[PDB]
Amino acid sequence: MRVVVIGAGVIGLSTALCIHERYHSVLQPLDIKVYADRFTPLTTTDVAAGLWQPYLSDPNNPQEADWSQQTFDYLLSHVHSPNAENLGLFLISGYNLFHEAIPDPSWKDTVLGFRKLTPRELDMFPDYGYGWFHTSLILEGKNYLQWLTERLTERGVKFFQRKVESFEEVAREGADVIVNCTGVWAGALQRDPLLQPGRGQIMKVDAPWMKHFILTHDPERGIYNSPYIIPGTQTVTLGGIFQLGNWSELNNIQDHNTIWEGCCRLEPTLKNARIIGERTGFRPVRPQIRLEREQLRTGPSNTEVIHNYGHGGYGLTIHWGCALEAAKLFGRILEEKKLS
């Protein structure tokens, strides 16, 4: 059983690890290989701040709400483990500001100590008059991806830097199961009109006095098109750009100005914070995560393919639930091959 996972993002690496950990003993000819065009720190996961928060609206597939929750419970179960520093995982509390009262989220009980903001807290933010306060977790992509890489290397999963042109080229080379974790670039292997790039731009700033995240929201401009401030381990992430259909992997000046003055008005202590870096990424936007199987008509034989892409701006938030679910789909392929 030769398995080829395409993608070295949080989706591909966690899926490869979760498949190996659940199926190493039931299948000894289990050679897992990871094909990827870019690795850390050159993936979309590296650009993400790493905060655990799903979208405010319910996810159009209630199974995604569970995948988000079991990812949170799994990460929280190791947030006080001594290796949490290596994963880039830690607790963080913060605010979610609004201009008008909105209903509570579906993940209010997943989060620790969810509550609505008191008047004295709202007075620190004059432009907003309603919001939440809650304790969540941050999984920084740079540390988490390298942690997954080393653990996959411990389990004998070889890595190869190459751009896959088609599923058939991997199938014809001997692959039995192809795990499609290509993210926003998935359409290049199979056209999907529902998948489109949600381009974002973030600023990484040195402001170590920031102990809380601050996410603002405006339904007119869309989600994450509003200033947000997310403190990480060594730096503070400033963002607020979300552009559909923009393929320009290049830092914009106007977006830089939008991010800066939006967060500076939100928190005036940032005016003296030095800018360390700035990055551009593409959220794999889709109305639904494509986590499903597909038997490919490739050749006289037929290839088995597992898709998992289209996680939008919540990939790290939902990655572990998607990895477990992709491992279950891998097990059904096993039972149908007279193999489990």
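Basically, rigid core = biggest C-alpha set you can superpose within 1.5 Å across the two forms. Numbering starts at 1 and runs along the sequence shown.
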| query | finding |
| --- | --- |
| More shifted region, core-based fit in 6 other deposited structures of this protein, 68 to 76 vs 222 to 230 by CA | 222 to 230 |
| Larger mean CA deviation from the shown form in 6 other deposited structures of this protein [core fit; 97 to 105 vs 212 to 220] | 212 to 220 |
| 158 to 166 versus 217 to 225 - which carries the larger mean C-alpha B factor in the record | 217 to 225 |
| Per the entry, higher mean C-alpha B factor between 246 to 254 and 99 to 107 | 99 to 107 |
| Largest Cα B-factor, entry values, listed residues 188, 175, 139, 181 | 175 |
| Highest recorded Cα temperature factor - choice among 145, 202, 230, 171 | 171 |
| Where the record places residue 125 (Cα B-factor, split into thirds across the chain) | highest |
| Third of chain Cα B-factors occupied by residue 3 | middle |
| Chain-relative CA temperature factor third for residue 116 | highest |
| Third of the chain, ranked by Cα B-factor, where residue 43 sits | lowest |
| Chain-wide C-alpha B factor ranking for residue 90, given as lowest, middle or highest third | lowest |
